[PDB]
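Inside the fold
Letter by letter, the chains look like this.
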Amino acid sequence: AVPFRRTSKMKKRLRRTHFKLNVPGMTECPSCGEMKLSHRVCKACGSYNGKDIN
Amino acid sequence: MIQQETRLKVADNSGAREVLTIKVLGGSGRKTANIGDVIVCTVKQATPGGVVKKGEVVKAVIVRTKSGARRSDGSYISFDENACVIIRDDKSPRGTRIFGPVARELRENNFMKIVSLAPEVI
Amino acid sequence: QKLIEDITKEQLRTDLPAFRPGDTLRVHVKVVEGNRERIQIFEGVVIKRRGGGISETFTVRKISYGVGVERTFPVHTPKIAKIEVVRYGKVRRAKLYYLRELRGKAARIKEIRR
Amino acid sequence: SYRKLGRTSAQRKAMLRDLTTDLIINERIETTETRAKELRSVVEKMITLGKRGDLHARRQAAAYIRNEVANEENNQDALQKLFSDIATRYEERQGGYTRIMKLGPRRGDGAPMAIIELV
Amino acid sequence: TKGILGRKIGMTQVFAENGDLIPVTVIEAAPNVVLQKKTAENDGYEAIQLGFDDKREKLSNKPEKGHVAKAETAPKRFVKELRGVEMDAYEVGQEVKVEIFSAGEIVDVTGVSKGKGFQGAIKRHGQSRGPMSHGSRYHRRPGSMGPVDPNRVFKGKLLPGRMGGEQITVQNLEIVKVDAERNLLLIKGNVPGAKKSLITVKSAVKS
RNA sequence: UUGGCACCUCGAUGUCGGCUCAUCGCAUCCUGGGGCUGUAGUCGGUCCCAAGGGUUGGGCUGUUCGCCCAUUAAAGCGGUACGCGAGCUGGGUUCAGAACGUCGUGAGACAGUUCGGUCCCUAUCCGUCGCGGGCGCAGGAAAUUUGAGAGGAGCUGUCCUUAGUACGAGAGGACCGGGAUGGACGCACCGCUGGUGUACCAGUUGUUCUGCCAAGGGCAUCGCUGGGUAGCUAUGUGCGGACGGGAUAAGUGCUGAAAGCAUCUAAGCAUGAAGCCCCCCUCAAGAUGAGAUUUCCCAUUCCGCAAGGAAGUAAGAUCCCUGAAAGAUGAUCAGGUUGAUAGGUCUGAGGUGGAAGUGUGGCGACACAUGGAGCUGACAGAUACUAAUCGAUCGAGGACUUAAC
């Protein structure tokens, strides 16, 4: 199977639609911020409700 | 569970030793025949003095399988050796005795002579 | 499986003694020919005990006329009338499916009456 | 269900027998995420044998704990550390011995690291 | 035609009256509450919504909290119609339960089948494997699409897909017993749908 | 089909036959229904309608075909690039090797035969089969739907009665109609029968290791067996093609004319098929003709005098997390501390089947007791003990002409 005819410059961009990556769910640490991501321990201070676990 | 080409040892004094299936009789059709199911067969090996000889095409009837007989009451009958009893055009058998134990489901078929000729109908 | 169970707490048959796999018990089987009820004896070696409450099973196996008869049965079914335990047995294992081969002395030698 | 972890059924046993030992020495490990969530199901069985302390109970636990000296200068094996230290601490607790805290992903492969601590 | 709906639990063996052995399901379907009477004077057709297996208030919404106000009971998860009962003998708020059925009522039963996941051409359609030896590389696969001249695949040529997840009626069952003490049905045979799924136990179309 | 012609293709259109997967045409093999019979019943010949469904397991040969074995309601033809090689097999023809007969003086030749002889491709597009993300459906939302339309199913054999009845010299043997039971095919599921089950349990060989014994670990396909729960399942079990309704084909007609009688037809009314349309089951309002009913949240704050535009927000949802009956990922579904969603811990169920250790019998290998003991993967029911914290993002203000209010 060999591609019978080249993809034009429209169809090439129309598969880039869902190809976009997305935001991370991000909030701030109530210790420091800014910012954390959701439910996982920050690199900022390393507190997580709220023990200072480095 | 006795389909085409299944060598069934015989269980009577009719002369035969090993019976080869050809075609289970029911329908278009089927490929299995558990217990009490009439088969068209030949005889591959025989005790040497016998009216049914080697290479003769005479029908037969299963009695036992290593496959189960499933009674409708939970209990299951399953033997350790396959079987045949050989029939001559009506359900009176050509054989004289019928060796070994016998699945009792034959009596619920039309084989009431075959049950009477056989020692442990269980 | 509690509410599975407590339905069938009623018909849990409670007129038989317990038994291990490797032993011999007699079964009293109610058997219909038309129209009466022979209570035919049944005899031989127990093997299987595939469990499950009402769904339990057991297999008495009987050599007869040189031929083995593998026969299962219900653990609480009403057709089994009475159970008479003849032998017990020191048996190493709990599923004796090897003796659907072994005839006949070494089957008997593994029937050590404990 | 259980987790295949991309390892053969013997490779997983050598996988899990190492990590359960390393919680005994370290008190905390930074594995990957499904190396964390799948480790808590074993250690909370393994600490459960610690509370017994039978001569039979220790000989079950030696098949998931290796032979590694845990504390220097006392020469304690990780087998000894369960029945001496850990079981003397968890006679209050009934389950949930190791809480798992997720950390961010790792650089070189994007793998979600995760922190296990006993508690 | 009467019909109630509910969860199932599993399979059992219940012997009865003979030496028999019956393959029996266990159904949780009591009790249903009439939430809304679909009427042909407004909607054209005749039906009754029934709700089942009430849930706690965190799981229920204000559009649906007010929907149970005509029956005046707790919010309730599983809602379906039933076209169409003998009209009516029902009032919105009457707790329909097991008491209708008996040992002898022939019953059709519908439910959403056990989804097995993305399965190939043999398992999804009963298609047959090719030769596993003799140098043949074609096995496990659906094979020839169609002819050459129409230059396309005819719609309906079976292919791999996601097997399961439909709703399946299975007909002509026999309800064994009635347990209004424990809210339990008992139906001969196999009933579609996985463990703890929802199952509508109708009355059949006979005879 | 063998052909004629050479008009697509010799900068390549893979040729025979099998395996899969089919559809379609009926000029019909059955099954449904009828005329005639050189049809007494039974079984036929033959001509009609009828494609809905079924249309087998071999032996032989590369074979299609063909014959034969035995069944069967029957074992239909035929097209679709003599269907189907970017789906497979090369057994033959027609690569080189190699022989045999024949022919030629010889190289070699032969639709004359025979043994051996690299069958390549990551799927671009349209198709097909499943899954999603937008948007629309004159405000946003949550449930349940209706059905225009789309599919699936559509096969039948026995047996017993009716009835040894009609029929028949007799032999032989019913029509119609009921009732039980199969075959094949299909749709489900695991309670039994089983299979499997690589973190379940027991035994065991070699070596290696925890100082040694005892006890265990490693590796040998999981070292090897013998068992096995949950799940996936078939050969296992349950169900299916039912009863119907409505118009029709070929028939069969009742009336009646033209053509005083006659005449199924021209006006008029019927009956009649496994055919058609529904009933049975599945999808389904993207059905832009965007349907329906129930219950919700409301009708903000600012700019633009205005048309309009933003920002904050309710009903609800989404990100994020624990997962599973779901599952490729998305999705669905159970759930997020007025919590059982998952793991653990208990109490169990099933599985394995008598733990270590101790004492005793035995010189010993081993047995016996403590003791259905010990060990347990997803299987059940409790328990906040652990992880589902924090929080964020999205989402309305309902155009206007007319009719009735």
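Residues numbered from 1 in each chain as written, not as in the entry; some residues may be left out. Chains lettered and ligands numbered in written order. Part of a larger assembly, values for the part shown. Heavy atoms only, no water.

Some remarks on the nonpolar core
General note: in soluble globular proteins, nonpolar side chains tend to be found buried as a group. To keep it simple, the criterion reads: Residues belong to one nonpolar core when they are buried, are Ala, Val, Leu, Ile, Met, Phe, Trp, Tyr or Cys, and are joined through side-chain atoms within 4.5 Å. Here the term buried applies to any residue with accessible area under 20% of the maximum for its type, exposed to any over 50%, and partly exposed to those in between, with areas from a 1.4 Å probe on protein chains only. Runs of E in the DSSP output that reach at least two residues are strands. Runs of H or I that reach at least four are helices, and both are numbered from the N terminus. Pairs of residues are marked as contacts when any of their non-hydrogen atoms sit within 4.5 Å.
Ranked by internal contacts, the top residues of the largest apolar core, which has 25 residues, are D:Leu23, D:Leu39, D:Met46, D:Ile65 and D:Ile116. Secondary-structure elements contributing two or more residues to this core are α1 (9–26), α3 (40–52), α5 (78–86) and β5 (112–118) of chain D. Sequence-distant contacts of D:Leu39, defined by excluding residues within four places in its chain, comprise D:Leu16, D:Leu19, D:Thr20, D:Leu23 and D:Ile116. One finds E:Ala29, E:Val85, E:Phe101 and E:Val191 within the second-largest nonpolar core, a separate group that totals 22 residues.

Notes on the sheet that holds strand β10 (residues 167–179) of chain E
Residue and element names in this part refer to chain E. Applicable threshold: Strand pairing is defined by DSSP finding a minimum of two bridges between the two strands. Axis angles are defined between N-to-C directions and span 0 to 180 degrees, where every axis is a line fitted to C-alpha atoms and, for a helix, only to the segment in contact.
In spatial order, the strands read β1-β2-β11-β10-β7-β12; together these 6 strands close into a barrel with antiparallel pairing. When strand polarity is set aside, the average angle formed by the axes of neighbouring strands in this sheet is 50 degrees. Judged from the 4 bridges that link them, strand β2 (residues 23–27) and strand β11 (residues 184–188) form a sheet pairing that is antiparallel. Residue pairing in the sheet places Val26 in a bridge with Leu186 of β11.

Here's the deal with the interface of chain C and chain B
Just so we agree on the cut-off: By convention, the term buried area covers the 1.4 Å-probe accessible surface removed from two parts as they join, with the contributions of both added. The rule for a salt bridge is simple: a side-chain nitrogen of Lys or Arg has to be within 4 Å of a carboxyl oxygen of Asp or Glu. Residue type decides the class: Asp, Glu, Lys and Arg count as charged, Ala, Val, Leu, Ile, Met, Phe, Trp, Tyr, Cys and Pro as nonpolar, and the leftover types, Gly among them, as polar.
Listed as interface residues are 20 residues of chain C and, on the opposing side, 18 residues of chain B. Together, the buried faces of chain C and chain B total about 1,700 Å²; carbon and sulfur atoms form 47% of this surface. Area buried by chain C at its contact with chain B is led by C:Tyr65, C:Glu70 and C:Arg71, which between them contribute 29% of it. Counting across the interface, chain C meets chain B through 2 salt bridges. Sorting the residues of the side of chain C that touches chain B by element identifies β1 (23–32), β2 (37–42), β4 (57–64) and β5 (67–74) of chain C as the ones contributing at least two each. For the side of chain C that touches chain B, the per-class residue count stands at 8 nonpolar, 5 polar and 7 charged. Summarising the sheet, strand β6 (residues 76–79) of chain B and β5(C) pair through 3 bridges and their orientation is antiparallel. Residue pairing for β5(C): B:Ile77 is matched across the bridge by C:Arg71.

Description of the protein's contact with RNA strand F
For the record, the criterion: In these notes, residues near a molecule or strand are those with any non-hydrogen atom within 4 Å of it. We call two N or O atoms a polar contact when they sit within 3.5 Å, provided that within protein one can donate a hydrogen and the other can accept it, with sequence-adjacent residues counted only if both atoms are side-chain atoms.
Around RNA strand F there are 150 residues in total, and A:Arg40, E:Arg56, E:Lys114, E:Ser128 and E:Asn172 lie nearest to it. Sugar plus phosphate, as a fraction of atoms of RNA strand F within 4 Å of the protein: 78%. Residue D:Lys37 places a side-chain N or O atom 3.3 Å away from a phosphate oxygen belonging to RNA strand F. Within the side chain of E:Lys188, an N or O atom sits 2.4 Å from a sugar or linking oxygen of RNA strand F. Per element, the largest residue contribution to the surface near RNA strand F is 7 residues, and it comes from α3(D). Grouping the constituent residues of the surface near RNA strand F by class yields 43 nonpolar, 51 polar and 56 charged.

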